[PDB]
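Chain IDs A, B, C, D, E and F follow the sequence of writing; residue 1 opens each chain.
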Amino acid sequence: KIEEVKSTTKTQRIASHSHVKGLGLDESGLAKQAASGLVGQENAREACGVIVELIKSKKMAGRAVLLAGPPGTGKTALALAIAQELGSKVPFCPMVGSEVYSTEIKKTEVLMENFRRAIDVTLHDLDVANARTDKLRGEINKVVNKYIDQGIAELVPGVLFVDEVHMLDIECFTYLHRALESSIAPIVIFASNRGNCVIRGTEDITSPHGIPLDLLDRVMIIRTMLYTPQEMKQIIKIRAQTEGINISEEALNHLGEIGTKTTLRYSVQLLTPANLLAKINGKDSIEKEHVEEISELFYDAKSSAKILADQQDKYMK
Amino acid sequence: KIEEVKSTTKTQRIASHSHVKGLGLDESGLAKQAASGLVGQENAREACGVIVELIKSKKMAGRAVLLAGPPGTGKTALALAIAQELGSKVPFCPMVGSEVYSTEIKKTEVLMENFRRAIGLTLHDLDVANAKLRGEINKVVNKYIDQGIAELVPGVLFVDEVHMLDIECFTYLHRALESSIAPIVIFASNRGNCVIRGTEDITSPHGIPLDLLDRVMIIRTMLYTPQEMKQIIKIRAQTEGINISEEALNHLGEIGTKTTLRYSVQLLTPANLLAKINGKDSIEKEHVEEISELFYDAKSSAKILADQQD
Amino acid sequence: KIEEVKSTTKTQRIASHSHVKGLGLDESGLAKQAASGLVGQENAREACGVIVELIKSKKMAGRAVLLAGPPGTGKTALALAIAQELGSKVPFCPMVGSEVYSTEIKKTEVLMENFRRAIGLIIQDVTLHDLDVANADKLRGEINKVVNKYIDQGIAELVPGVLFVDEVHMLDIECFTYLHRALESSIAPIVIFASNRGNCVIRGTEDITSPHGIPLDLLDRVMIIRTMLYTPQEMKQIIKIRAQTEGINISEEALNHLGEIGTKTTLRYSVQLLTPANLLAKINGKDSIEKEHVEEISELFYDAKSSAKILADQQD
Amino acid sequence: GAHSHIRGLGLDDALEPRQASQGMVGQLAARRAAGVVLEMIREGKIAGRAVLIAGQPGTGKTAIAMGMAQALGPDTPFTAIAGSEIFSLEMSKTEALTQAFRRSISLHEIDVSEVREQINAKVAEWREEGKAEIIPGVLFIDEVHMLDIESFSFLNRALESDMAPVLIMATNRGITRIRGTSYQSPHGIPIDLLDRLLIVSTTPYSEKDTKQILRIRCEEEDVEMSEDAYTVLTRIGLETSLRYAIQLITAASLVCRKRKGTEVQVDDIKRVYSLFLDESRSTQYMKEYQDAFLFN
Amino acid sequence: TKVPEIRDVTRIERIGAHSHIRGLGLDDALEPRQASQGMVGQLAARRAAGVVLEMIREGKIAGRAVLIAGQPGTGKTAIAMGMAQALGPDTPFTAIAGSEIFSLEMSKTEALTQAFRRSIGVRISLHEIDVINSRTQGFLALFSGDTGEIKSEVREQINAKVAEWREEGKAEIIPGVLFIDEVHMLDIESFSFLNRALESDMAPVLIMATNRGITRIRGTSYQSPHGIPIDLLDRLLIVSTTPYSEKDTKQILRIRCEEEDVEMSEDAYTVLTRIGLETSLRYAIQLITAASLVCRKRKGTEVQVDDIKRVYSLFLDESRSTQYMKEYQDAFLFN
Amino acid sequence: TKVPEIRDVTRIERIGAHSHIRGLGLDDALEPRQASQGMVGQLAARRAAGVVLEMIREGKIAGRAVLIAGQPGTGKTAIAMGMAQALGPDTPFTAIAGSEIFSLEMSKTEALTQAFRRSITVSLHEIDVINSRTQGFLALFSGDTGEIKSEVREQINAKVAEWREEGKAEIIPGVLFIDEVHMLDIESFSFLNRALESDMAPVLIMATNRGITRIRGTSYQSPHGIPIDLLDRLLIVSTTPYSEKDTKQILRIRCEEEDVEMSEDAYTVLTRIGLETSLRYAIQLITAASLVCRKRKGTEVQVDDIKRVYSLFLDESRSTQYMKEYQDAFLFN
């Protein structure tokens, strides 16, 4: 009855991918070096150019995509640019794998309210006005089915991104697999950065990517590679000019050699507290004196445990 | 009120023992070679003769029989010969130890309806004709025994795979055994030292606690010789209308020594139907060389699966 | 509405500590050799003289006392000696850490009924659990409406006692949170722990080793006192005092043999062999005990350290 | 799904496979051994027993039992559920397997908690009338080594019924730990059920047998392929799997269509091979990466 | 209201073997004489119970308990049976093992209260009053196969009933004797129930038996002597029973023949004693009933060495049997 | 309806050793002057708390949190306590531990929402001691515990929703301090992600002294016991252990806050125990060392009243080293 429930979206999740406009492809099907926001990664960007064809030509019945690569090589950006290729604000609901371990709400409702967040109006957008629950969705599904049989509202399939997939237990993989065999279901792109792992809940079954073998043979795997130190700076250069942060050339190359020791999500995270430190000294941009100062105040997670473990032996005798 | 509830018996467990009619012992208490179905097992069939006389003389007050032997060596065929010798039409219910783990029936109920499958007048068939309700049948079975129109007879309970029962079921097997009405409980194990299920730090012989092991008499069953396994399969060919040749049993005893005895009896009915497709009558040596290649067992399949995959 | 419910406080725990009168200190705070029943253990008795001053000077806001030492050294006799130095029969409630694991009773209803034993009130001393047995959360709430009305008029007075908690490595991590929350509220009693271990796993986490089995957020509010083992020239004096409290005459050569047992075993095992060495002495027609009696009971009955050796050595 | 070309096991009356019949190509032994069971069902002797089909995945383990329904009477039900399909959140292990036996009899279409108790009371005397008869099912279970003995003891219960369908199980694992206990057993099955069922073993495909299936499935998804493309596609069929070599069929029917060729050449199969990986290379790559990161 | 006449509901099959002992076998000065009142040996462990019998008489067992530490097969139950006879003409006795509290019909607090209810004797035991006023039972295999429920309010009805009969002088109460066999099966949610039940005045005296050394305490992960918590081991009196000799083994088997009215030859006693030194004493007693049945089959009622060398091969013992499956499975671990 | 007058439920004794911390003590160009508002030393970590103080004000901290990883006894709280003072003269600051959320009077949701409402004048949880249920009586009603229903929590969340634009009601997001972050399992780590999506949630400071450890709740290992989906949104400040000159200055402020005049001989021996054993033990001795001087009537703690209380009360390093020796001799035969 109410159809202006305009925005109810987790903006802070996809705030870091504001510059991703498209996949950046040619009409023949080839990838360019730098186009529509993305830079490099020519193999996985061409592979997503086939997935957007099998989605449109009605050939993705039952299949899914697993983006398997190291952490910090843009698995979220290639799964966000795959949503702008469908065209005109197709939804996108990212979630981590450890989100379903909530105590106050059951596991079967967290993964269900994420499926109704991906299917302009989303299906979970209509489910927050009518609250002011399983018994409510019987009549809300009815009226949108009433609208399409009338012939007004068109139904679109979204993109549903599950990162950190090895923490999903066996009782939730079966709930996904019962939904992949529907007709209106979205594409259920996974992400994993691990090899052979133990399925959570069986304690003896070693499986590829933490995924059961029932779902694994309905899965197309795309590999994302690491970044060169040349193409690493072009990622930080786009993120510096999208946020309004001027940066010197001699200081950008020092921020691009930090990302060859840590992940790339540590270098882009240092754009804000180095720029606000450069507002204290009364400058507009950041220099090598500022980036070298932040790198001695803030530590990455892997090199912060190495500080404590190398003092753990000397503190306890 | 209703006393014609004639038959409700799981007759697939005792369908492969349609030839055992008794223990087959003489008057003085020795064992013959081949009588009443039983073949071989001399030091185990005379042991079950003393169990039979210990029940009728009422000197089995709080004891049980444990048959410890390798699988394929007659642990069920001896436990049916006790139920056949100890009176006619005495009930018998062979259960497996992995049957108390259901998902809709509590272990109190799935063990209680197994005791009352053994006590005949059975106590279980009275509780299915009108279907607590069971307490109503108590006054019904009260009036039958004291008027003299019906007798009360206990049977035989056979618990196969006793190493898979947990510590809660053993105490229920120990309390309900110590009445003057409870049937004899025959165990069956083929393991040595195991861990009692439910304690996971304490090892005991045969997977059985020391409360129910120092009041239980053990009877050992030995393996089978290749001139005795040519006598067991000769009876199963006779009691099923399956003609067979001499050079077939010569090969069917060789597959018996390799895997077990219970697998060789399985290979009769598919080998007969392979001989009825070609339009023959008797199982020649081509069929037993064929069915032993088309089908497998639980050992040669698992060994050929671990190697081919790896 | 009653205040004469005199009989409480079960005496089977404190039956073996009737000779304890107090710490027995001078006016300068130095220890005596033998005073008020207590004999020896001078260094851990002066430290309790410091702690008993901190309760009166109100500087013990949110702290506790550990007592680390080998068993058979008297960490329960010391904690009883500072629950009598406060003044005029203040209460005392000892326990064992594995008593919060009852079947029907909830884990907090062993700790809540233990805290109400160590809070005391023509005026005589009763406790908050003393009133609970008389009238019987709703039955425990209406008792608090009686006592808070009394302090508003000026008759009753609340005093804190001593809650001795032994075997602290058996309390799980869901019970130390209660012991951290209801320790520093307004008038909670002095909580004294006890342990005889080193690095023990906190029960309920299975990965986090910790000193004495205690969470690290609680151990930094704890003053640790060490009780030492005894020497046989004063270990005889401990068994000499326990004989006069029960009325048992004994010889000189008996205590020199019983003192040798108290060094091979605990001290409490040598106090175990005082009543069944006297009951056998009356059968032989001897009022006083000779050496042959305590040699005979030390050969009949065994301790838990020596009896575990016999069943293990004869099994293989 | 990908078993739509099978219309039977492809046997004559003398029970010898002719190696190319009714969609089935290859599987010389197991298609013959499933003809013996087809006689044992018709003679009414399979009661108390079941079939187990051991072998690798990718080896006809679904299509053999699928062909065993159409080699039976002309309209016979078939339920192919996986092993870990019952471990759901909307239903427990006594709800899912109850709907499996109610499906292959269909009675579950007549059902769609005590609705199962009224229809069996309804069809009690409706069966004695004779207007619509009953038929048995060919109920399948894939990957049975993920079940536990709270469900294995249900299978012994449900097989007692006279209207029960012939159970057909499947696995690909050797001596495993039983789910729910602490003993090793063959095929993840307790020993009360291993001593009463027929075990069939399937051997993996050859070079010639794999090419005939890839030729069939191209004609079912109407793609014109080149001859040199086939001899390089079956070479992926022997090294990696068959479910991945069947996956480059559609995904290389778009690369040729995008460049307007209308015939899948050898270059396109050697292009989609470098885009979409498989589980043998992807698991190898992160293992090769996380070891190098572990060193320094 | 009217239940003194439904006196006794007992288990005759648990305590049916140790009925040849009437007393403990001690003099007036607490020294055994090696053959008296059923007892045959263990002179050190039979006069240490004389000190325990004094402390129950004088009133000093309140707060302690008894532990009997010995092998399986050297008479741990027969020593505690002597304390039941020597404490009066009728003192109750209950031989409940450790692994009988793990029942699926009642919890671990309803199976330990009834062991503390059977061992409180009142004169005109306390548990027999409760079993009759609850419901009507004690019937054939249907009531044994089924069960009943015990309402918790009936227990305080009768505990307050005897609280008015005792001080009148008509009813006299007597503390019994409780036996807990195999104490290394009790967990810490039951060891903290025995500490909360010995606090009363009308509580019985606890006697425990174990055959384990340093065993992990059940319920936690710390190892202690006997599998007993430390708050309980510092109150126990531990007695140690030794294995029997050859002179004591024939003397016990000589007593157990008149109880099962068998006449045995003087050659068969020498071979029944050698089995009692090889497997156990409980196994050699078990062969006696199964040896005379073979002799009554052969007409002449006198067991020679022929029968004892016959039923030794028919019925195995529980130690020799477990080798034959291990030696079979050792050939099964090899290919 | 009428609860502004009952706003006084503040922890005074637990956070009462950090009484001399009146801010970070920084200049206008972020440079510590080695002595400012009581804070002494820690030059590297105090500058990094100034940069975090910037990103809170402009509003760059939305979707981010702070983690302080260092050795125990190195001022992990005094840096996180001064950040409450430098951000404003009245900011709420609750310093609950990690093991204080595993209780039996509530769940892990009612014990973590109780921290997220205690750090948002009065705190927002302070309304729920009067507008929820009537308590505040004597000691056993602190031992007993009642619950605050969720329906009470939507009465107050809808009450102040229209008072925000009224002007008289102003909101101040404080700072929550979750000490010992590795004790929390991921049944509650997915509750910090739910509450940091709000528009009024405070800044979340945590602390740990553990290296690569195991995530409690699962079987995987991650740095600092924090899941890797939340480690990629943290600012990690590290502390450096004190020296022999910083430790002499810390106890001189604490003796001033406890009015005990000690000699300069006693100050160099109290940092000798502080360099060797611990820092939270050296300040623990100061009360129990003065009480012995008062009984000998000097009102000036000498060096003998330090070496007496050093022998009476032990520390955590010696109380387990001695029981290790006794359990070794007990093991020997």
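Here, contacts are C-beta pairs under 8 Å (C-beta built on N, C-alpha and C of every residue); 3 or more make two chains touch, one makes a residue touch a chain.
Asks: Taking a step as a move to a touching chain, how many steps at least join subunit A to subunit E?
Replies: 3
Asks: Using C-alpha centroids, which chain lies at the maximum separation from subunit C?
Replies: Relative to subunit C, the chain whose C-alpha centre sits farthest away is D.
Asks: State, to the nearest whole Å, the distance from the C-alpha centre of subunit B to the C-alpha centre of subunit D.
Replies: Whole-Å distance between the two chain centres: 35.
Asks: For subunit A and subunit C, what's the span in angstrom between their mean Cα positions?
Replies: Measuring from centre to centre gives 60 Å for this pair.
Asks: For subunit D, which residues are shared contacts with two or more other chains?
Replies: none
Asks: Name the shape of the chain contact graph, picking from line, ring, star, complete and other.
Replies: Topology of the interface graph: a ring, with each chain touching two neighbours.
Asks: Moving around the ring in the sense set by going from subunit A to subunit D, list every chain once.
Replies: The cyclic sequence of chains is A, D, B, E, C, F, beginning at subunit A and stepping to subunit D.
Asks: Would you tell me which residues of subunit D are touching subunit B in their complex?
Replies: 14-15, 29, 32-33, 36, 39-40, 43, 45, 47-48, 54-56, 92-94, 149-154, 156-157, 160, 172-175, 180-182, 186-187, 189-192, 194-196, 198-201, 203-204
Asks: Looking at the complex, which residues from subunit C come into contact with subunit E?
Replies: Checking each residue of subunit C against subunit E gives 10, 12, 15, 71, 96, 98-99, 101-104, 166-167, 169-170, 201, 203, 266, 268-269, 272, 275-276, 279-280, 283-284, 297, 299-305, 307-312, 314-315.
Asks: Touching residues of subunit B toward subunit E in the complex: what are they?
Replies: 28-29, 43, 46-47, 50, 53-54, 57, 59, 61-62, 68, 70, 106-108, 112, 115-116, 119, 123, 132, 134-135, 137-138, 141-142, 145, 152, 154, 167-172, 174-176, 178-179, 181-182, 189-193, 198-199, 201-202, 205-206, 209-211, 213-214, 217-220
Asks: Which part of subunit D faces subunit A closely enough to touch in the complex?
Replies: 1, 57, 82-85, 87-90, 143, 146, 176-177, 179, 243, 247, 250-251, 254-255, 258-259, 272, 274-279, 282-283, 285-287, 289-290
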